[PDB]
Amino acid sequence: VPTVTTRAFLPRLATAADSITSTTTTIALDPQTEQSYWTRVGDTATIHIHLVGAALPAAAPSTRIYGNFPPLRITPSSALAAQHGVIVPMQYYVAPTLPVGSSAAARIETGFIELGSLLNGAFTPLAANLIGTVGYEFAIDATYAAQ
């Protein structure tokens, strides 16, 4: 018999040297303006993330969101590459710099959510100094199955 659980949470923005390592640097957050939350009913998780900041993080190849949202159900893939995840679009209120022809996207993994871009079905991580213009403001909305 299903339960429903709905919680506000505080996403943690963090950067890393690549899309594989568990070593990260936490980015200090300005005061936020829009509540981030998640809900889970049965094994179905829906997340809403919004973050705003006045200054872009220092340059790093991987830009991630951590938090207590339900962990994605997916078979763990090879440790030699980024873990397989679910690719979703995302929204920018302040313009990022994306590769030509690509759309704004995020890779939802069991361990974290990575910001990036999408072209011909392929996800490419977005560097932390390119996720906005001077500062940043973006949102991620998605539904996926939890473990």
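Counting begins at 1, following the sequence as shown.
Mind pulling up the entry and telling me whether 41-49 or 23-31 has the higher mean Cα temperature factor?
Between 41-49 and 23-31, it is 23-31.
Going by the B-factors listed in the PDB entry, is the mean over the C-alpha atoms higher for 89-97 or for 53-61?
For C-alpha atoms only, the mean B-factor is higher in 53-61.
In terms of the CA temperature factor given in the entry, to which third of its chain does residue 121 belong: lowest, middle or highest?
Tercile = lowest for this residue's CA B-factor.
State the tercile, meaning the lowest, middle or highest third, of residue 128 with respect to the CA B-factors recorded for its chain.
Within its chain, residue 128 is a middle-third residue by C-alpha B-factor, going by the deposited values.
Where the record places residue 8 (Cα B-factor, split into thirds across the chain):
Highest third of the chain for residue 8's C-alpha B-factor.
Report the third (lowest, middle or highest) to which the CA temperature factor of residue 140 belongs, ranking only the modelled residues of the same chain.
Lowest third of the chain for residue 140's C-alpha B-factor.
Residue 83: which third of its chain by C-alpha temperature factor?
Middle third, going by the recorded CA B-factors of the chain.
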